[PDB]
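Enquirer: Here's my sequence, what's the structure:
(4 chains, ligands or ions: 10)
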Amino acid sequence: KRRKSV
Amino acid sequence: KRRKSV
Amino acid sequence: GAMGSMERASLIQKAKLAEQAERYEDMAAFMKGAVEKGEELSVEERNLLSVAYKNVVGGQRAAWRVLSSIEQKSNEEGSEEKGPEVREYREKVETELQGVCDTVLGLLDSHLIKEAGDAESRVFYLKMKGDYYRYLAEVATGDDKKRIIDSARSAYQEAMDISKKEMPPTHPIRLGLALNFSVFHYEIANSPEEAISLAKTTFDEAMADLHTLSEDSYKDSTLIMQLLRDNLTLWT
Amino acid sequence: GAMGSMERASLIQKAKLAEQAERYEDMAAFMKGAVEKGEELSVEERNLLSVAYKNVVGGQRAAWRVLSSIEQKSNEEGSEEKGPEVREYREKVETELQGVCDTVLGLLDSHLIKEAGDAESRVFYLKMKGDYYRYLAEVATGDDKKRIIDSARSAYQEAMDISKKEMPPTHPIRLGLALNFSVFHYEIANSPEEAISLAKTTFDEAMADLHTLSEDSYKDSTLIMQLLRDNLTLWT
Ligand SMILES: COC[C@H]1CC[C@@H]2/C1=C\[C@]1(C)C(=C(C(C)C)[C@@H]3CCO[C@@H]31)[C@@H](O[C@H]1O[C@@H]3COC(C)(C)O[C@H]3[C@H](O)[C@H]1O)[C@H](O)[C@@H]2C
Ligand SMILES: COC[C@H]1CC[C@@H]2/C1=C\[C@]1(C)C(=C(C(C)C)[C@@H]3CCO[C@@H]31)[C@@H](O[C@H]1O[C@@H]3COC(C)(C)O[C@H]3[C@H](O)[C@H]1O)[C@H](O)[C@@H]2C
Ligand SMILES: [Cl-]
Ligand SMILES: [Cl-]
Ligand SMILES: [Mg+2]
Ligand SMILES: [Mg+2]
Ligand SMILES: [Mg+2]
Ligand SMILES: [Mg+2]
Ligand SMILES: [Mg+2]
Ligand SMILES: [Mg+2]
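Expert: Numbering: from 1, shown residues only, chains lettered A, B, ... in the order given. Ligands and ions are numbered 1, 2, ... in the order given. Below, you will see the structure:
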């Protein structure tokens, strides 16, 4: 539910 | 499977 | 610097060890040392560098958000005055975070970016530059917030422009850059629409190019495509 | 020291914040600062202190074991010579670990232990002293290994003697001390039998005293009793 970044 | 310590 | 006396290969070797040991601060210090050798980074090395710092700053960011949420709670109506401590400690964490970001930005600027001529290196580094400015943007509340944000934007955009020109839509770095840039749009630049359009378009263009990939490359791309999807799902 | 200018209560407040932020190094630094205020620690504060350092050293220990296992592997017949790096980095991690242990031991010795007059504080601190000497023992390979081990032993024993005299068998600190002391027996002092007897006896004596406990105290004790049980299960 936390947006993803990479 | 690692023994516990506290 | 600190690592001036260690062999570049030893620093890399130790960065890999620190990684295995989940000692990301060490990792990052070894990689910074390696960067500071002045030689360009190989792909694996840039990956080590990115991973090292991403982890370091990822821990500071997470800590910062914990403290920030605490701090905002202590600023709510009816919240007991707890003194300066929460703000102070958030500031301390934030300063250290900014110092990591500055360090990375400093490595990118001295001199990873200028020497990165292949798209894969250049885009990678610009992505990282976008990321670290974005992490700065996350904590930025002052009169430089806009400039920090647009430095993130500008680095992302340049990385997007090169990646679009020079990399297949399925390139993990392209995908990862888009993913992050879209997150920048979403939560930094207050452009959820652009964030969603970017994540969608990126995902869809990657989809349409999956067919050109071997099974190993397929698996790399779809992994990041999934993160795009996770964000699309979250955001829509 | 570093924290000489911060209020003791601010250091405690910040130790709690760092804990929430999982910033255990900060936590430990704030608590060391608090200890260095010279005032005895309350129960909660000693708990913060223990937690801070246990986490710090727990990360170094885990990293150390990763690196140590790597290092031993690179010392196997047929293992390619990788240079000094693994040993060096293990040494670096180990040194830092020892420095944490030394720091804690130093706090216990200056002057937590001497001022700890209640069994709960005294046993707590001696347990910690046993623990940190045990962590030293874990990495000790030299001519001080025996002395380090018996310093662990001696601190544990004194803590066991007081706890046995002064604490109910179900006391979490008593139980935790026994658990650790039994682990010391098991893997430091090469006395698996004593480790098992201690863990058994401790568990059984705690069992027989559960009845005197409220539900909250019941839950605290059984939690550690379970760790005793986990070790008994592992070891037998
Ligand atoms: C500058 O921003 C860097 C991001 C952009 C997308 C992603 C980049 C990061 C790393 C290095 C890699 C990815 C994944 C997708 C494998 C991780 C995601 C976050 O950090 C890593 C890059 O992948 C590489 O590194 C991995 C290291 O970790 C292992 C797991 C050993 O597996 C390795 C992969 O096989 C290798 O391809 C992935 O290609 C690109 C570079
Ligand atoms: C010197 O060695 C210290 C060990 C010996 C056994 C254990 C001690 C540690 C702490 C402080 C406590 C225990 C458990 C069993 C709760 C944890 C186990 C490892 O670290 C903590 C002590 O418990 C205390 O601290 C906790 C902090 O974390 C929360 C979860 C907030 O819950 C708190 C508990 O309610 C409180 O009782 C437990 O009483 C004793 C002191
Ligand atoms: Cl602070
Ligand atoms: Cl080293
Ligand atoms: Mg630095
Ligand atoms: Mg070049
Ligand atoms: Mg190309
Ligand atoms: Mg110190
Ligand atoms: Mg006293
Ligand atoms: Mg008593």
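Enquirer: Nearest to chain B: which residue in chain C?
Expert: Relative to chain B, the nearest point of chain C is residue C:22 (15.6 Å; Cβ to the nearest Cβ). Heads up, the C-betas are built off the backbone N, CA and C, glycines and all.
Enquirer: Longest helix in chain C, please.
Expert: Ordering each helix of chain C by length in residues (DSSP state H) puts helix C:43-74 first.
Enquirer: Just after it, pick out the following helix or strand.
Expert: helix C:85-107 (DSSP states H and E).
Enquirer: quick one: the following helix or strand past that following helix near ligand 1?
Expert: As assigned by DSSP H and E, the chain's next helix or strand after helix C:85-107 is helix C:113-115. No: using Cβ under 6 Å from any ligand atom, helix C:113-115 stays clear of ligand 1, with a minimum separation of 12.0 Å.
Enquirer: interface residues of chain C facing ligand 6?
Expert: Neighbours of ligand 6 within chain C, by Cβ under 5 Å from the ion: C:115, C:117.
Enquirer: Quick check: the residue of chain C nearest ligand 1.
Expert: residue C:176 (2.4 Å; Cβ to the nearest ligand atom).
Enquirer: who's sitting farthest from the centroid in chain C?
Expert: Most distant from the centre of chain C: residue C:78, at 37.3 Å, with distances by Cα atoms, centre = their mean.
Enquirer: Quick check: phi and psi at that residue.
Expert: The phi/psi pair for residue C:78 (degrees, to the nearest 10) reads phi 90, psi -10.
Enquirer: Nearest residue to the middle of chain C?
Expert: Centre-nearest of chain C using Cα atoms, centre = their mean is residue C:131, 3.4 Å out.
Enquirer: residues contacting the residue lying closest to that one once chain neighbours are set aside?
Expert: Spatially, and ignoring its direct neighbours in sequence, residue C:131 is nearest to residue C:180 (5.8 Å; Cβ to Cβ, 6 or more residues apart in numbering or on different chains). Residue C:180 makes contacts with A:5, A:6, C:127, C:130, C:131, C:134, C:156, as judged by Cβ atoms under 8 Å, 6 or more residues apart in numbering or on different chains.
Enquirer: which SS state does the second one fall under?
Expert: This points to residue A:6. Here residue A:6 takes the coil state, with states given by DSSP: H, G, I helix; E, B strand; the rest coil.
Enquirer: Contact partners for it?
Expert: Residue A:6 neighbours (Cβ under 8 Å, 6+ apart): C:176, C:179, C:180, C:224, C:227.
Enquirer: Please render those as TSV that adds secondary structure to the earlier fields.
Expert: Listed next are the contacts of residue A:6 as TSV, based on three-state DSSP:
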residue	secondary structure
C:176	helix
C:179	helix
C:180	helix
C:224	helix
C:227	helix
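Enquirer: What is the nearest of those residues to ligand 3?
Expert: Among the contacts of residue A:6, residue C:180 lies closest to ligand 3 (Cβ to the ion), at 29.8 Å.
Enquirer: Now do whichever helix or strand the residue nearest to the centre of chain C is part of: distance to the chain's middle.
Expert: Following DSSP H and E, one finds residue C:131 within helix C:119-139. Remark: helix C:119-139 is offset 5 Å from the chain centroid, using Cα atoms, centre = their mean, to the nearest Å.
Enquirer: The residue of chain C closest to ligand 1 - how many residues pack around it?
Expert: 24 (other Cβ atoms under 10 Å in any protein chain shown).
Enquirer: That one touches residue C:225, doesn't it?
Expert: No: taking Cβ atoms under 8 Å as the definition, residue C:176 is not a contact partner of residue C:225, at 10.5 Å.
Enquirer: Any residues of chain C in contact with ligand 2? List them.
Expert: Counting by Cβ under 6 Å from any ligand atom, chain C has no residue next to ligand 2.
Enquirer: residue contacts, residue C:17?
Expert: Residue C:17 is in contact with D:67, D:70, D:85, D:86, D:89, counting by Cβ under 8 Å, 6+ apart.
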